[PDB]
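Values below: every heavy atom of this structure, side chains too, minus hydrogens, waters and symmetry copies. Chain letters run A, B, ... following the sequence lines, proteins first, then strands; residues in each count from 1.
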Amino acid sequence: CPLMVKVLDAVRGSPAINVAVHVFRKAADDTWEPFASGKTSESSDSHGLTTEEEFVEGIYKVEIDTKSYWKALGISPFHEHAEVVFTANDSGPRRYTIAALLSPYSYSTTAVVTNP
Amino acid sequence: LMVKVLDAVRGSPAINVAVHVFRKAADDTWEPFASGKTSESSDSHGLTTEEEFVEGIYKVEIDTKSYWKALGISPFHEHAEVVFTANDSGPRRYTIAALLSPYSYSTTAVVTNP
Amino acid sequence: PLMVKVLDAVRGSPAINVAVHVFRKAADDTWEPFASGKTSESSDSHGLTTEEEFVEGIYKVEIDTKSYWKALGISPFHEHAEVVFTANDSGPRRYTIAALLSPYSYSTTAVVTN
Amino acid sequence: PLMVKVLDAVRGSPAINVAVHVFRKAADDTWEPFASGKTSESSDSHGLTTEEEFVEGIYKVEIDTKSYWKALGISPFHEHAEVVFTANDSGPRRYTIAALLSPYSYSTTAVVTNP
């Protein structure tokens with residue numbers, strides 16, 4: 001797939017399941033146009049959310065509802081959410097894996113961009 | 001509110017990194033609050049503003065793109081953000097530690113009791 | 001059963017032809033080879049996968065990160081990257097060890113399932 | 001010349017009283033002890049203060065992360081966290097080793113400055 005979003009819980013060492021993910025595209029005038037939306041689930045290596053649509057050139061935003069993940073576990077976390085804002089600047093076809101590693105007071109975000 | 005930024009490509013503090021700050025408006029839009037850029041002097045590896053930080057959802061934007069570009073690297077992210085609620089239980093002491101590579105970053109909050 | 005992912009944080013790609021050696025602990029400062037090989041990017045499996053199943057115990061994963069960076073004219077801080085951990089304390093599990101490499105930094109994460 | 005700083009990414013605080021053991025490689029390729037410390041938080045110095053003078057050679061810093069997490073009732077993934085590195089290879093440097101800890105994850109970074 002052209003986009004893979006993985007969200008990991010670094011305290012449990014597991015995919016963070018039932019996490020809301022919202023992907024957007026920069027529009028003129030600052031507007032963000034919704035591109036994909038979904039919730040994490042698991043089976044095999046696919047412990048994240050995949051879109052089928054490829055990424056033409058632009059600026060994207062991935063929002064991750066990490067506040068609702070922790071609040072479910074009895075934890076009010078530092079971050080109000082995780083956000084990943086990036087350029088898709090190879091105009092030709094690229095694969096994007098975006099991983100978010102979650103703790104109550106920390107997050108980490110990593111991208112892998114490959115050309116198939 | 002202290003913001004410390006480390007460069008994982010160079011093994012150094014991230015020198016001359018732009019750090020902006022926002023306070024949440026009623027209009028769901030973000031009202032500015034402060035700016036700053038990380039200054040390496042004596043012992044300080046980060047940008048510390050001189051604020052009287054009240055309660056409310058605050059935003060920290062780090063300009064990682066301009067930082068990596070100026071070093072001839074085409075980074076992944078536009079920037080690295082921390083959105084958090086600052087003083088929901090009296091005064092608190094905040095260090096945001098950010099660690100930066102062209103394709104990844106982590107932000108950690110260190111909350112001490114003043 | 002064991003997957004090791006090695007990622008280049010500078011380039012945002014799998015770090016390929018990286019040597020990985022896995023060991024089982026045999027006694028004080030004694031390590032038995034468990035499996036080994038090199039990272040290879042075959043699309044979606046970008047890391048090293050081993051057929052061998054874990055029996056209960058302590059395992060060491062050695063990643064030759066220093067060769068990887070030297071082949072790039074970079075003299076990294078770390079001589080290698082090592083992950084030591086206990087396996088199968090509770091039964092038959094799938095382990096994915098990810099290492100994210102930067103010249104002055106490495107970070108390691110583990111996902112353990114079923 | 002050698003400083004080791006530890007952050008707890010679960011509790012959002014310095015990791016206080018984590019043990020740090022530093023070894024030096026020997027001409028027979030073994031690990032001879034070098035520096036002994038648990039991490040301390042007095043003032044805003046949130047790490048471990050190693051005093052000894054650094055020569056050219058290979059060093060191993062071991063952070064006992066398992067003891068740390070077991071004391072908060074968490075069974076962590078890792079047995080420990082180590083950094084191995086060649087120090088002082090181009091002359092006297094100052095090392096700050098920064099460790100960030102969660103139970104199934106950790107990172108180490110070096111801040112390397114010229115005195």
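The distance between the ring centers of A/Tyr105 and B/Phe84 does not fall below 6.0 angstrom. Between C/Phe77 and C/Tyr106, the distance from one ring center to the other does not fall under 6.0 angstrom.
Side-chain polar atoms of B/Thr108 and A/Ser106 form a donor-acceptor pair below 3.5 angstrom. For B/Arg92 and B/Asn87, the side-chain atoms include no donor-acceptor pair closer than 3.5 Å.
Across A/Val112 and C/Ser13, no two heavy atoms sit closer than the pair CG1-CA, 3.8 Å. Closest heavy-atom contact between C/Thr65 and C/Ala81: CG2-CB, 3.6 Å.
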Discussion item. Using side chain to side chain contact (heavy atoms under 4.5 Å, CB included), reason through D/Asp89 and D/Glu56 one step at a time and then give a plain yes or no.
Written reply: CA-CA 6 Å; D/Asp89 218 54; D/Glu56 200 167 344; 3.2 Å; yes
Worksheet item: Going through the checks in order, is the side chain to side chain contact (heavy atoms under 4.5 Å, CB included) test met by B/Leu6 and B/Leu100?
Response: CA-CA 6 Å; B/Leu6 303 174; B/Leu100 303 196; over 6 Å; no
Practice prompt. Kindly indicate, with the supporting measurements, whether the criterion side chain to side chain contact (heavy atoms under 4.5 Å, CB included) is fulfilled by C/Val55 and C/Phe34.
Written response: CA-CA 10 Å; C/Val55 303; C/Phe34 166 81; over 6 Å; no
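The main-chain N or O of A/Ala10 is never found under 3.5 Å from a side-chain atom of A/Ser103 such that the two would form a donor-acceptor pair. Counting only distance, with no hydrogens or angles, the side chain of B/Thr107 and the backbone of B/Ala98 share no donor-acceptor pair below 3.5 Å.
Put simply, CG on A/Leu101 and OG on C/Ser107 are 7.0 Å apart, with the number rounded to the nearest 0.5 Å. Rounded to the nearest 0.5 Å, atoms CD (D/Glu82) and CD (C/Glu82) are 4.0 Å apart. Between atom CG of residue C/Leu2 and atom OG1 of residue C/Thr96 there is a gap of 8.0 Å, rounded to the nearest 0.5 Å.
Applying the salt bridge (charged side-chain N to carboxylate O under 4.0 Å, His left out) test to D/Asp8 and every residue at least two apart in sequence or in another chain returns D/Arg11. A/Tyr96 meets the side-chain hydrogen bond (donor to acceptor under 3.5 Å, both in side chains) test with no other residue; sequence neighbours excluded. Legend: residues meeting salt bridge (charged side-chain N to carboxylate O under 4.0 Å, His left out) with C/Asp64, ordered by chain and number and at least two apart, are absent.
No side-chain heavy atom of D/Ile63 sits less than 4.5 Å from a side-chain heavy atom of D/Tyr68. Taking the side chain as every heavy atom from C-beta outward, B/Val3 and B/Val5 approach each other to under 4.5 Å. Using a 4.5 Å heavy-atom threshold, the side chains of D/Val10 and D/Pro103 count as touching. Taking the side chain as every heavy atom from C-beta outward, C/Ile16 and C/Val18 never approach each other to under 4.5 Å.
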Identify every side-chain donor-acceptor pair in residues 20-33 of chain D under 3.5 Å, counting partners at least two apart or on other chains, and give the distances.
from	atom 1	to	atom 2	distance (Å)
D/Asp28	OD2	D/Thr30	OG1	3.4

All N/O donor-acceptor pairs, side-chain side in residues 40-53 of chain C, below 3.5 Å, sequence neighbours left out:
from	atom 1	to	atom 2	distance (Å)
C/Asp44	OD1	A/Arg95	NH2	3.4

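Screening residues 69-79 of chain B for side-chain hydrogen bond (donor to acceptor under 3.5 Å, both in side chains) gives A/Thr87-B/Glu78, B/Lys65-B/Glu78 as the qualifying pairs, with residues at least two apart or on separate chains.
Counting heavy-atom neighbours within 6.0 Å of C/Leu72 CG, excluding the residue itself, gives a total above 12.
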